[PDB]
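Chain by chain, the residues run as shown.
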Amino acid sequence: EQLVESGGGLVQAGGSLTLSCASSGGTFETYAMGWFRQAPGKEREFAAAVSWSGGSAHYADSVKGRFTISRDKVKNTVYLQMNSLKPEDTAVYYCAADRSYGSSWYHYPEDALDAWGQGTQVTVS
Amino acid sequence: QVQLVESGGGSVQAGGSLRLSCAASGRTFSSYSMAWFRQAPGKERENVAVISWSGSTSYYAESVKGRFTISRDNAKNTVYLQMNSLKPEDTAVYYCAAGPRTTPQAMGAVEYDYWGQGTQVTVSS
Amino acid sequence: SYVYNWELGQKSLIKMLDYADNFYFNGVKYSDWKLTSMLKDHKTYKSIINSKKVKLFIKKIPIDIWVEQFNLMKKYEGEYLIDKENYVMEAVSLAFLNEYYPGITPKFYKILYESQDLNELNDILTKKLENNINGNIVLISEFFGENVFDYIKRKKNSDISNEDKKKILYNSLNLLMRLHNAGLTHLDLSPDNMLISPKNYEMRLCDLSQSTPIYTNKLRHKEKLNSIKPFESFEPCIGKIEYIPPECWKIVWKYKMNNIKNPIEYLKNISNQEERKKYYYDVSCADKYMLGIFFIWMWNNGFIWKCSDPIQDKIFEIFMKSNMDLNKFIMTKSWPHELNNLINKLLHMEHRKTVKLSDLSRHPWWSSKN
Ligand SMILES: Nc1ncnc2c1ncn2[C@@H]1O[C@H](COP(=O)(O)OP(=O)(O)OP(O)(O)=S)[C@@H](O)[C@H]1O
């Protein structure tokens, strides 16, 4: 993989967690980057994403207030700050990278996005 | 995440019709462009047909254009290849397929993601 | 008002040609410039002469690649096409635009051989190659500003203001318009190939290695016509894959699905002009389509679909399942009605065939608020 995650773990219902996803090589400089999530049984669903410029970002409806994503000025690395975490947020968060930005991410089928990460578990007690 | 099964081949006479079917078992059908290719014992592979995800666009090798037609039903998970005005040169094993791709460069070739077992079609003189 | 012709292209270039030995700029001899570097069979470099602290741009091309490309362009009277870089074209395109249409490309200063007509050149270069004496052809231009990609990165540590976006999209359409008018296509529009200045958003086009003439007096590539007509290309691999137009993809698939591995070779001996039709697109409409993608890319802050091929892109197929209409499209519905309308007239083929660039430059949206 060229997407390499970190920051997963267990948190109390209410507390916070924050995930990195770095991408080595100045190849994804034009690609957008973001986060999906998967729970046992559930299909992988969109969480958040940010433009190549790191200037524009959008969120799923269900996290629209709690989570915010950001992107380093120099390295192709993104950060998903998660607050007010609920039991319904327990899932494996998958970092993704693509040339398309926007709600195309809700429509493109899974195997279509340019690049995927391996995953990191988040559990919420 | 898809396995394919052909059916509905046989040996016909010249000018005869035949309608190949193909059951798609696995992931959602909507999420893969389909195709049909043929393999005649003597020669190398012949790409015969490709159809888009929903069915809008379809393309054909000039050796079957306006004799054969590729269609699909996404509620019943099937691809068809209606083959009419059959000729001897259409004797071959025909293979249902999934996820055709190529590069804009002409030197490349048509790679499928999946292909079922195949069905024989022989055609009298 | 002279438009791009291959006779003129060559004549333009010969005026700019010299041995690198004998070239001075300001007082500084060529040999004594410190060239800083900027896959690619060509190498680009920056440099800074001190008399006038003047910053130049240098493209260098192996004469082996030159000599081959010139023989072909001569065979096809300027109508040679490849998926990769046509250096002979870029040279003439640049020389011509400089002499007759300042202000589209950065200023062009010289073409140089480094260790009467372009044939006399090739003669020499060929004798040199026959003695394993390699060298380069050097294209020396003004260094102008910084590309759009860079511009955006720098400014943006929001994206760029809609106000700003609009100024860039406008000047770009101006450039294409003036380029087309001069008699040339681009066929590699993308943020990296458009330069911008600090001085009042003043822009230029860059590259011209994928360029074609826009007019021809030959039918496809064979029969001599009595008057000019639009130019058609059989090379669907143009610019970056993201900007490739749908009709070019249709051609790609046509070659693939009939097992045609070398177009240039296959067509060489096809006279029946009914066949030929199937492997050709209009170049000028292709340009327009690219500019369309550029617009969407600049507005969206990134592509929406990744290639314009419904076989290989579910998103594109939805674009089409709504007749390439940004207003009826799901991913652009809540964009400015007027902008969507503007873009539609660079994308859909009926519009591309009909709607002129001069008329799009006066489109209602260029005068709305914000
Ligand atoms: N005269 C110029 N002034 C400033 N920047 C330039 C100039 N010419 C080219 N560039 C930039 O330098 C890089 C390489 O130049 P070009 O080869 O002309 O363009 P290009 O389309 O990037 O082509 P290649 O073939 O990929 S190097 C690009 O980022 C251009 O934007």
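Figured I'd write up the structure that's included with this text. (Residues numbered from 1 in each chain as written, not as in the entry; some residues may be left out. Chains lettered and ligands numbered in written order. Heavy atoms only, no water. Residues with missing side-chain atoms left out of burial classes, pairs and counts.)

With that out of the way, let us pick up the packing of aromatic side chains. Under the criterion given, the structure shown has 39 aromatic pairs over all chains. Between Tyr30 of chain C and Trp33 of chain C, the aromatic rings sit 4.9 Å apart at their centres with planes inclined by 75°, giving edge-to-face as the arrangement. Here the two residues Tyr30 of chain C and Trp33 of chain C agree in accessibility, since each one is buried. Among the aromatic residues, ring-to-ring pairing joins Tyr170, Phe295, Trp299, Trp335, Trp365 and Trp366 of chain C into one connected group. Just above the ring of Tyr94 of chain A sits the side chain of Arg44 of chain A; from NZ or CZ to the centre is 3.7 Å. For the cation-ring pair, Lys166 of chain C lies above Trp365 of chain C, with the distance from its terminal atom to the ring centre recorded as 4.4 Å. (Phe/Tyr/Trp six-rings, centres within 6.5 Å; stacked < 30°, edge-to-face > 60°. Buried < 20%, exposed > 50% of the residue type's maximum accessible area, 1.4 Å probe, protein only. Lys NZ or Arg CZ within 6 Å of the ring centre and 35° of its normal.)

All names here are of chain C. Looking at the ligand, there are 15 residues lining it, with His42, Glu142, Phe144, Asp192 and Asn193 nearest. In the environment of the ligand, a nitrogen atom lies 2.8 Å from a nitrogen or oxygen atom belonging to the backbone of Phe144. Take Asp207: an N or O atom from its side chain is 3.2 Å from an oxygen atom of the ligand. Isolated, the ligand exposes 590 Å² of accessible area, and the fraction of that covered by the protein chains is 80%. (Near = heavy atom within 4 Å. Polar contact = N/O pair within 3.5 Å; in protein donor to acceptor, adjacent residues only side chain to side chain. Areas by Shrake-Rupley, 256 points an atom, 1.4 Å probe, with all protein chains shown as cover.)

What follows deals with the nonpolar core. The biggest cluster of nonpolar side chains holds 106 residues, and the ones touching the most others in it are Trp66 and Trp305 of chain C. A total of 12 residues in this core trace back to one element, the largest contributor, which is helix 10 (residues 283–300) of chain C. Domain assignment of the residues forming this core places at least three in each of domain 1 (6–143) and domain 2 (148–367) of chain C. Not counting chain neighbours up to four residues away, the residues in contact with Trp66 of chain C comprise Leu13, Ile61, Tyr87, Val88, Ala91, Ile111, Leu121, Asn122, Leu125 and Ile137 of chain C. Counting 34 residues, the second-largest nonpolar core is a separate cluster that includes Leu19, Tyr31, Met82 and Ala96 of chain A. (Core = buried A, V, L, I, M, F, W, Y, C linked by side-chain atoms within 4.5 Å. Helix = DSSP H or I, 4+ residues; strand = E, 2+ residues; numbered from the N terminus. Domains from an automatic or database assignment. Contact = heavy atoms within 4.5 Å.)

Across the contact, 27 residues belong to chain B and 26 residues belong to chain C. Here the side of chain B that touches chain C is composed, by residue class, of 13 nonpolar, 11 polar and 3 charged. (Nonpolar A, V, L, I, M, F, W, Y, C, P; charged D, E, K, R; others polar.)

What follows is about helix 6 (residues 162–182) of chain C. Here helix 6 of chain C contains 21 residues, and its C-alpha end-to-end distance of 30 Å stays within 8% of the 30 Å for a straight helix at 1.5 Å per residue. Just downstream of helix 6 of chain C, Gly183 of chain C is the residue with a positive phi angle, here 110°. (Expected span 1.5 Å × (residues − 1).)

Relative to the assigned elements, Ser33 of chain B resides in the loop between strand 3 (18–26) and strand 4 (34–39). With relative accessibility at 1%, the residue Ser33 of chain B sits in the buried group. Setting aside its immediate chain neighbours within four residues, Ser33 of chain B contacts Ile51, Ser52, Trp53, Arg72, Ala98, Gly99 and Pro100 of chain B together with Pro310 and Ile311 of chain C.

Our focus in this paragraph is the pairing of strand 5 (residues 43–50) of chain C. Residue and element names in this part refer to chain C. Inspection of the sheet shows strand 4 (residues 36–37) paired to strand 5 by 2 bridges, in the antiparallel sense. Bridge pairing links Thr36 to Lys46 in strand 5. Note that strand 5 and strand 6 (residues 53–62) share 8 bridges and pair antiparallel. Directly across from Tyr45, in strand 6, lies its bridge partner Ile58. (Pairing = 2+ DSSP bridges.)

Consecutive side chains along a regular strand alternate between the two faces of the sheet. All names here are of chain B. Going residue by residue along strand 11 (residues 119–123), you find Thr119, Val121 and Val123 tucked away on one face and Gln120 and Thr122 left uncovered on the opposite face. Relative to strand 11, strand 2 (residues 10–12) runs parallel, the two being bridged by 3 bridges. Looking at strand 11, one finds that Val12 is bridged to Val123. Relative to strand 11, strand 9 (residues 92–98) runs antiparallel, the two being bridged by 3 bridges. The partner of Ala92 across the bridge, within strand 11, is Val121.

It is worth spelling out the side chain of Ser104 of chain A at this point. Residue and element names in this part refer to chain A. Positionally, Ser104 belongs in helix 1 (residues 104–107). By relative accessible area, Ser104 is classed as buried at 0%. Within the structure, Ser104 has its side chain in polar contact with the side chain of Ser100 (distance 3.2 Å).

It is worth spelling out the state of the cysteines at this point. Considering all chains together, one arrives at 2 disulfides over all chains under this definition. Between the sulfur atoms of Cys21 of chain A and its disulfide mate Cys95 of chain A the distance is 2.1 Å. Here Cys21 of chain A and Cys95 of chain A share a disulfide; its torsion about the S-S bond, -65°, makes the bridge left-handed. On the criterion of sequence distance, the pair formed by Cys21 of chain A in strand 3 (residues 17–23) and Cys95 of chain A in strand 9 (residues 91–98) is long-range, its members being 74 residues apart. No difference in accessibility class separates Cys21 of chain A from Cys95 of chain A, as the two residues are buried. Here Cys22 of chain B pairs with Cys96 of chain B through a disulfide, and the sulfurs are 2.0 Å apart. Looking along the S-S bond of the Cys22 of chain B-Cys96 of chain B disulfide, the torsion reads about -70°, which is the left-handed sense. In this pair, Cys22 of chain B sits in strand 3 while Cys96 of chain B sits in strand 9, placing the two residues 74 residues apart along the sequence. Residue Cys22 of chain B shares its accessibility class with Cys96 of chain B, and that shared class is buried. Free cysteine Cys285 of chain C: the closest other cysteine sulfur is in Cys248 of chain C, separated by 10 Å. Accessibility expressed as a relative area gives 5% for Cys285 of chain C, which makes it buried. (Disulfide = S-S within 2.5 Å.)

Moving on to unusual backbone geometry. Even without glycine at this site, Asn301 of chain C takes up a positive phi of about 65°. Locating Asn301 of chain C in the fold gives a position in the loop between helix 10 and helix 11 (314–321).

Right, let's talk about the sheet that holds strand 3 of chain B for a bit. All names here are of chain B. The 4 strands are arranged 1-3-8-7 in an open sheet whose pairing can be described as antiparallel. Across the chains shown, the open sheet's two edge strands, defined by having one partner strand only, are strand 1 (2–7) and strand 7 (68–73). Across the sheet, the mean angle from the axis of one strand to that of its neighbour is 20°, orientation sign disregarded. Relative to strand 8 (residues 78–83), strand 7 is paired through 6 bridges, and the arrangement is antiparallel. Among the inter-strand pairings, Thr69 is bridged to a residue of strand 8, identified as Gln82. (Axes fitted to C-alpha atoms, helices over the stretch in contact; angles between N-to-C directions.)

Moving on: a nonpolar patch on the surface. All names here are of chain C. A surface patch of nonpolar side chains, amounting to about 280 Å² of accessible area, comprises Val3, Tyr215 and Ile228. Within the element layout of this structure, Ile228 appears in strand 13 (residues 223–230). Using a relative accessible area of 60% as the deciding quantity, one classes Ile228 as exposed. (Patch = residues over 30% accessible without salt bridge, like charges linked within 9 Å, V, L, I, M, F, W, Y side chains within 5 Å. Salt bridge = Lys/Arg side-chain N within 4 Å of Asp/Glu carboxyl O.)

Another aspect to go through is the packing of helix 6 of chain C against helix 10 of chain C. Relative orientation and spacing of two packed helices are given, respectively, by the angle between their axes and the distance between those axes. Residues and elements named next belong to chain C. Viewed as axis vectors pointing N to C, helix 6 and helix 10 meet at an angle of 170°, and their least axial separation amounts to 10 Å. One element, helix 6, and the other, helix 10, form an angle in the roughly antiparallel class. Side by side, helix 6 and helix 10 meet where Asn162, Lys165, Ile168, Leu169, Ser172, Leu173, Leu176 and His180 of the first sit next to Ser284, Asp287, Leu291, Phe294, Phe295, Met298 and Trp299 of the second. Across the contact of helix 6 with helix 10, the residue classes break down as 9 nonpolar, 4 polar and 2 charged. (Parallel < 35°, antiparallel > 145°, perpendicular 65-115°, else oblique.)

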